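What follows is each chain in one-letter form.
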Amino acid sequence: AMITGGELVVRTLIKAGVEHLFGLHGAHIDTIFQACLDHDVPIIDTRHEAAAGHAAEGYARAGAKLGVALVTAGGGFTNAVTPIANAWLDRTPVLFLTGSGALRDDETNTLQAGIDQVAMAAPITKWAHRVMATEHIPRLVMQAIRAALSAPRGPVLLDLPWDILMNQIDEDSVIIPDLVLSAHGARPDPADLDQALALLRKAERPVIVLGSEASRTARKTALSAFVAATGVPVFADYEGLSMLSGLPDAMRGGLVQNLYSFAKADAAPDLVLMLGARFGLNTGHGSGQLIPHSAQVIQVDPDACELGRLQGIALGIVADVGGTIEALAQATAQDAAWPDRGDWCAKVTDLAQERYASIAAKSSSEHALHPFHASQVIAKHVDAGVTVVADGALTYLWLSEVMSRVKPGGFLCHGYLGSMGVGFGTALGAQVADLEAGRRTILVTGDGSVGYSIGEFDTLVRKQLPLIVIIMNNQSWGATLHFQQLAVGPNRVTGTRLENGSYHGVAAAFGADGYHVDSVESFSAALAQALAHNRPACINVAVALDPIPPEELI
Amino acid sequence: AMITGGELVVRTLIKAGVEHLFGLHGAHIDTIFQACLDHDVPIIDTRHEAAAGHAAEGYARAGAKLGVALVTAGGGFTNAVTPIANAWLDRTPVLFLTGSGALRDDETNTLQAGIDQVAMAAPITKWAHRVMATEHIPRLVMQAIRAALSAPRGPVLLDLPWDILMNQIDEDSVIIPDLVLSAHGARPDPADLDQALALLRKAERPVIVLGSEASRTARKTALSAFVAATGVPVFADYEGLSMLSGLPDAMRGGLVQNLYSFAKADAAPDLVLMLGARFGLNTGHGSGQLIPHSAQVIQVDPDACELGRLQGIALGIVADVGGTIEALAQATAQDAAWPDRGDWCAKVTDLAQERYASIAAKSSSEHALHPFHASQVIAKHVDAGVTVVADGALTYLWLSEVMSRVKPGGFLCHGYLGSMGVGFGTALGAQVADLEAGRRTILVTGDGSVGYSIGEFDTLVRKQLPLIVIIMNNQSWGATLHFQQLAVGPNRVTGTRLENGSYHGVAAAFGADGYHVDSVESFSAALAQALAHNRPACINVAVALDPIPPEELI
Amino acid sequence: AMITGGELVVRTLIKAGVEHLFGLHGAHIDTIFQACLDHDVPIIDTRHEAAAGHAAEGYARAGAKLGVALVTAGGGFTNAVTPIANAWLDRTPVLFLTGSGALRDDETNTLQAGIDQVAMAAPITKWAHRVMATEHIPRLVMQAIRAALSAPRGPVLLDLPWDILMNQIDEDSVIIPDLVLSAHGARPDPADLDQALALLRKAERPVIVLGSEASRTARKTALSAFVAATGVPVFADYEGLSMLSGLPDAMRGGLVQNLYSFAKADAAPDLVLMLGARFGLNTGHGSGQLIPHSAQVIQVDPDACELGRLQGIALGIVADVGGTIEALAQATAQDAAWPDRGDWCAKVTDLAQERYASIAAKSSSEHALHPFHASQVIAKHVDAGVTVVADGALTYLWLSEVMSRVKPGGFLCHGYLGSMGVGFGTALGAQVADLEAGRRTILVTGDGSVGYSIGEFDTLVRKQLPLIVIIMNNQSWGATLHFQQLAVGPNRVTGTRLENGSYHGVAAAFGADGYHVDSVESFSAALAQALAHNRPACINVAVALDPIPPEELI
Ligand SMILES: COP(=O)(O)[C@@](O)(c1ccccc1)c1sc(CCOP(=O)(O)OP(=O)(O)O)c(C)[n+]1Cc1cnc(C)nc1N
Ligand SMILES: COP(=O)(O)[C@@](O)(c1ccccc1)c1sc(CCOP(=O)(O)OP(=O)(O)O)c(C)[n+]1Cc1cnc(C)nc1N
Ligand SMILES: COP(=O)(O)[C@@](O)(c1ccccc1)c1sc(CCOP(=O)(O)OP(=O)(O)O)c(C)[n+]1Cc1cnc(C)nc1N
Ligand SMILES: COP(=O)(O)[C@@](O)(c1ccccc1)c1sc(CCOP(=O)(O)OP(=O)(O)O)c(C)[n+]1Cc1cnc(C)nc1N
Ligand SMILES: [Ca+2]
Ligand SMILES: [Ca+2]
Ligand SMILES: [Ca+2]
């Protein structure tokens, strides 16, 4: 008859279809834990709030759904800050639920109070707000969710004072609302759409770029449709890559980065259809080198700020990426009178291979396992029933080079924040989502990066999560060591060596399987053996340091 | 002639007198690393920016000096937020230098740019500011330090864009300024001072309570003079305990907490003189349970806000605590007509040691090592040559029932943040300060909290810091587990159990000495062997979970 | 028996000795108005919240006490923002009490809610906070007051939700605390003090500069004392000027600006004792031109950030300015063995006159009343029973030139914000304070500036406040017109002419006396006539535009 505010949170979460939370206990948030027990809603409790926040991200990114993080007042919240800022920059819809000091006893110098968590999250969230009344919990939870899920997706921080959670109200007087928000996005205007399609057909060498917004809606069948109908080849930033996974093979350009060569091979596009991809780091800023100044850019983004940010564009449209692709698929179901593009579709596939082979031809494995050969070993196990998470710097740069040539169930790599160490929690949340889909998660990280959340092997074991963590161990903070050397002087290395530590022993000390390997041959067996088992695994791989990936260098 | 913004920063730090930085590398801040090679200033690099921030804190606290943390753009910053908050609430002077995105290329969606780091830190720093031009560096750095070191001490964040730091200027054109800020603090008006002395002279059961501003000023000798002259017992909060270590024992009350039973037995102080003690968690808020409602209170704080925050006071003075301690000492040297107070000193001692005896009497170690028994073992090794850091909750609440009876060099416990896991980095920075004075550092932490920063074992070994890490392993997030059992029910634990992982094992995988123990005698031998060696160690002590410490039982 | 939160505010205000509020009604704050009615506490209700906020400032500045502003939710608060930011920069202690949306009905899109007033005031206040509980009102009001009153003085924003004000509690259960904070400031350390006094005596040509902090404490008798004893001549920024009013005439340097000449007349000080004066605009930044690079600066400020901000200093001391002067007066009551300084004391007075006379010699009144001659007419009525407020730009620049040569009861002019139009509310609040002291307020403003709050003649009449507003009417935004001309081109005037409007008619339409005058002779009669009456007065004075004051020019 009388229920707690924490029970209100959870009943509302359920109504929204939430099935998993990620967090770390504290008394301020106990009422949420008790309610979960009762509705049998697993809370995956980790060893650091960062890893819990990153888990929520990975789960949202892998499952294309809402991720939910739960942390307690004070240090709970401050340890979640890297996750919030990462999700903000990657545009991932996560609800961060955070405990806080009771409203009574404001300004009392009390335990875990006196920290304005809302004010700190405000610069990095789509919405940050503190609940003032137990009665408000459901409408505010549901409002927070709508803000997170709608285009562009992003993090939200709902702060729940201890007071407000512990307070009990008459359960017959309160209304748990529905989540009532169309999953069908908003589409462009038909004029704008025709105009787009007209520019499309009348042009010679066109590409589609995908951004994160395209993976969040996951309008897969509509993507292939529109692609069959038009024969326009498709590139992607990291986050869009798994969207190419169900394409006819011939028209997969893979990673947008390998669009770089196209100046030299004189085949730069005359038209780019940017769908959710933003001007900036992953798209070569406004420099011209990936997206030509001479090309006609058509850009669809839910944020009008993003439209042509760094470079003159020919048409800017505000809409939902998912809703647009759908519109594009429905419009070319009316058409079937589309130009051929044979030269181009092969001219696309051929150049991506030539770059792959140029790395392939370079790269010798004498006296040090080459980072590209490790990357290849990994690529050989990657199909649509595998999510790959990448962390590490050099590690991920090398990895990206083999990644265009495979069709993963997911690909979760660093966004604009570039924060080393987020991989562990990410992959761990990804694997929760993968479990419900039958996929399997592999984390590829550096020896620097892994040390951020290595304690998570513990969580992997307690909750029996089959993640495979592969550590590219080059005994250093590699990209940064490189920078010191190439930028400052061969003699100028400091603070970037990591010549110590047995990570597989750390993993085994936590109760997971740990392999160390230092040859191609022993790596594949370890990998195959790890894939073969339903256990958490660590694979510490010795890897050459001084090879330089393309994306540094020239 | 030509130097980087990096050298500018470093030259100014030198001029101000800093000997050690704490950090972790990034290209954005590399110019600062280089400038530290040349001037041969060590930068203790960690495995997590959080651990680095905390070390600068431990160093500032253990050595009563400025702590300097150095971190990179984006993730480097967000990982520092917790130490910053932590320093904020404990009033500890730490300069946080952070790199950020270049000012040119502002708003370009570029790597590690794109979060407003000043906006995030503003709610938890004394000052937060972004540098606009290389020529501003030395005045801005010097300003940062002044703000960090003045009363009350706290954290400062100085954001340093990549442009500013890479930019080169002719060394001739910019003057490095001096640290002009006399070290003596402001004192009370002689009329206030007299009124306080006046009150102090006519009280039957007077008491002094010290707080953190007393440890940052460290007027040990002035304090002796004044305690010796007036014969008034001294208590302290966690942060002020080492200030009681130069004092005759007949007038050490120990920790404030043990004022509890003075009311609970008809001996409540007449008059309490708070020096930097704030009203709040550590002084029993406004409850009057430690600082009684009936007593007259003279409060001396540098922040008017704190004066009588929760509870009326007789007299509120805003001044530096150290300055005030000096003033008091030297006013007290010259009026030698101070009543005896021998009785009162006795009653105060009897009650402190009654509590202690009483807990001894009821602590049985049959069936598992009792945490009070474990805390006694640590206690038998503590004096002025040892810094004790405390983390973990139940762990520090039991530990703290023994700390009154010993006289440590340092005692670094949780402030208001209450953030589990900050201990490891704190202790690491503390052990750096301690080497300057040949002291030894010991960390006493829970099995939950050590998991936050378990990877600092690697920093211990690569850096040859002989920190001894003691884990009180009760296989749970203990205090939270007790909360579930006591506030909800026996049947109602979830999320609080951690029955997995070999912590000694982890530490060994990183090259540190691991020991496992589970009795008085075995722990006693492990600790003695750990002390005998100059190597980092980890000791994992199986400790009972059931016994409730006095704190809780309120 | 049951009383409102609004009654709690007022009972607390009374206990603090508050006797006047300034504001503008709204229903959200009605409970505060009703309580005022009952305790007979005048609320001076104005025509714009800006003018009410500025009134609170002027009253605090003129009375050396707390000013209290009261404004309602939403636009009430946003119209107070210029006042808050002005008070922040001038360091004036004002409590801004603001209404806001009820806590219930947060996020309801309701009337005057949905505006985070705390977040907007946070960058410009010493403390901004929202009350969460009716029971908290007294301790929070009293805490807000202590933050405002203590060094450095500044604005505070206490936000009071409608809910919280309207809620009624048991009046027998709540404690109205006292304001318990020493009025005696904190003094320097004796070593630091002797050192200062030693540098003082051993130097040849020393000056004292005063800043606003010196007028806020108003330790007058202690100022003269220390000045007799030492014979050191005293300068002041605008805010410190009234502090020179009770000095032996021979040692009054007046406005710090006329220290400018001292390079040329080769008489730059060898020592400057900066007391509350900050490095920056009013003190010639760090350029050397007022305070010599070659001089030994001794600076006392409560803000360690301010100490040597822009220029190398010889000694930096953190303390209360008022408490220091007192310390200086008590230390030289022990001395009476002080060097003569005859050359200098005359070399001081003589150069200030020479600059006065150089303007005097220039300046012809043929076909336009000269701005300096108007300034002189005003100066001739200024003694210690007159507060002068200055607004306007050119107007105040000219005025400042006659101001060194008179002894006002107050002098309130623009601080760093330099906001045109704040004069009207300022002078109006000043006059409330002047009424209780028998003084009389004269506002000297431009024709631009007056138009900001001209509606206030209405308030002047409703509350019968004898202010005299003198409008230097030069039919333009004068300093800005000058800038366009001198900086850009004679032909390049736009947007800076104001060739229209009869201000004395506006005043008369509001029921006040209005003079227009266009000669020296007719101006003095109008002034004398206005002084002679106990009525609000407007005096529109036609004034030449193209004369250029020194402080522009060269
Ligand atoms: C060019 O900028 P850089 O400063 O070198 C760096 O930020 C970076 C980021 C992306 C790509 C390349 C380098 C990266 S690269 C880097 C070394 C990574 O070491 P790791 O062992 O994980 O992998 P590898 O390079 O050896 O494969 C570091 C420490 N940082 C800076 C950094 C520090 N702390 C945190 C939380 N995040 C960061 N990104
Ligand atoms: C009353 O609040 P509680 O929730 O019980 C807790 O916040 C606490 C309890 C008593 C004293 C101080 C803190 C503490 S106690 C606590 C258990 C820590 O377990 P650990 O194994 O380290 O030591 P012990 O208690 O077993 O000896 C946790 C997880 N929490 C909440 C919490 C979570 N995450 C972080 C970063 N900091 C925290 N304080
Ligand atoms: C319920 O709130 P109320 O306090 O009654 C008030 O806020 C209001 C009332 C009804 C509708 C809209 C606003 C309004 S109504 C109101 C009276 C305005 O008087 P006016 O002479 O302009 O028109 P009328 O009501 O006499 O026709 C005031 C002063 N206030 C509060 C207020 C103060 N300062 C500023 C800048 N904006 C405000 N809204
Ligand atoms: C050098 O900067 P300037 O831009 O000229 C200006 O800010 C200024 C301030 C102080 C001294 C001199 C000029 C001043 S001077 C100025 C003209 C003032 O006209 P007014 O009629 O009051 O007096 P006078 O100069 O004619 O005697 C203006 C509009 N402004 C800019 C301004 C605009 N709006 C507000 C609220 N405050 C301001 N200070
Ligand atoms: Ca590495
Ligand atoms: Ca534990
Ligand atoms: Ca004018």
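Residues numbered from 1 in each chain as written, not as in the entry; some residues may be left out. Chains lettered and ligands numbered in written order. Part of a larger assembly, values for the part shown. Heavy atoms only, no water.

Using the following cut-off: UniProt positions are given in the numbering used here, feature names are shortened, and annotations may be inferred rather than shown by experiment.
The PDB entry annotates chain A as Benzaldehyde lyase originating from Pseudomonas fluorescens. According to the PDB record, the title of this entry is "Crystal structure of benzaldehyde lyase in complex with the inhibitor MBP". Checking UniProt for chain A, the heading Sequence similarities (unreviewed entry) contains the comment "Belongs to the TPP enzyme family." Its UniProt record gives chain A a comment under Cofactor (unreviewed entry), which states: "thiamine diphosphate".

1. Section: the coordination of the calcium ion (ligand 5)
Ideal values differ by geometry: the angle at a metal is 109.5 degrees with four tetrahedral donors, but 90 or 180 degrees with six octahedral donors. All names here are of chain A. Heads up, the rule is: Here a donor is an N, O or S atom found within 2.8 Å of the metal, or within 3.2 Å if the metal is Na, K or Ca; sites may look incomplete because water is not among the atoms. Numbering of helices and strands starts at the N terminus; helices are DSSP runs of H or I of at least 4 residues and strands are runs of E of at least 2. Buried residues are those whose accessible area, probed at 1.4 Å on protein chains only, stays under 20% of the maximum for their type, while exposed residues exceed 50% and partly exposed ones sit between those limits.
Within the protein, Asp447 (OD), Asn474 (OD1) and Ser476 (O) serve as the donor atoms for the calcium ion (ligand 5), at 2.2 to 2.4 Å. Here the donor residues of the calcium ion (ligand 5) are spaced in sequence according to D-x26-N-x1-S. Of this pair, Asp447 sits in helix α17 (residues 447-450) while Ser476 sits in the loop between β18 (468-473) and α19 (478-487), and the two are 29 residues apart along the sequence. Here the two residues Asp447 and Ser476 agree in accessibility, since each one is buried.

2. Some points on the side chain of C:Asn474
Residue and element names in this part refer to chain C. The test is simple: Between two residues, a contact is recorded if the distance between any of their heavy atoms is within 4.5 Å.
Among the secondary structure elements, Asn474 is positioned in the loop between β19 (468-473) and α19 (478-487). For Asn474, a relative accessible area of 12% puts it in the buried group. In contact with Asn474, not counting residues within four places along its chain, are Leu394, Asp447, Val543, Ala544 and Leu545.

3. Some points on helix α16 (residues 423-437) of chain A
All names here are of chain A. Rules: A helix is expected to span 1.5 Å multiplied by its residue count minus one.
In a regular helix each residue adds 1.5 Å, so 15 residues correspond to 21 Å; α16 covers 20 Å between its end C-alpha atoms and thus fits that length. Within α16, 12 of the 15 residues are buried, which leaves the element mostly enclosed by the surrounding structure. Among all positions of α16, only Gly423, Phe424, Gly425, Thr426, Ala427, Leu428, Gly429, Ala430, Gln431, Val432, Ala433 and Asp434 are buried. Positive backbone phi, approximately 70°, marks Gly438, located one or two places after α16.

4. Regarding the relation of the copies chain C and chain A
Heads up, the condition is: Alignment of the copies rests on a least-squares superposition of C-alpha atoms.
Superposing chain C onto chain A requires a rotation of 180° together with a translation of 0.0 Å along the rotation axis, leaving an RMSD of 0.0 Å. The relationship between the two copies is best expressed as a two-fold rotation axis. Among all residues of chain C, the one whose C-alpha sits closest to the rotation axis is C:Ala119, at a distance of 3.9 Å. Here 100% of the interface residues in chain C have copies in chain A that are interface residues too; the copies meet face to matching face.

5. Observations concerning the coordination of the calcium ion (ligand 6)
All names here are of chain B. Taken together, the protein ligands of the calcium ion (ligand 6) are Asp447 (OD), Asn474 (OD1) and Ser476 (O), with distances of 2.2 to 2.4 Å. Each donor residue of the calcium ion (ligand 6) belongs to the same chain, and together they define the spacing D-x26-N-x1-S. Here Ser476 falls in the buried class, since its relative accessible area comes to 2%.

6. A word on the sheet that holds strand β7 (residues 156-161) of chain B
All names here are of chain B. Note the threshold: Strand pairing follows a simple DSSP-based rule, namely that at least 2 bridges must link the two strands. Every angle, taken between N-to-C directions, lies between 0 and 180 degrees, and every axis is a line fitted to C-alpha atoms, over only the stretch in contact when it is a helix.
Taken in spatial order, the 6 strands of this open sheet run β3-β2-β4-β5-β7-β6, and their pairing is parallel. What marks the edges here is a single partner per strand, and that holds for β3 (43-45) and β6 (127-130). Here the strands of the sheet are splayed against their neighbours by 20° on average, with no regard to which way each runs. Where strand β2 (residues 21-23) meets strand β4 (residues 67-71), 2 bridges bridge the pair, whose relative direction is parallel. Bridged to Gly23 within β4 is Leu70.

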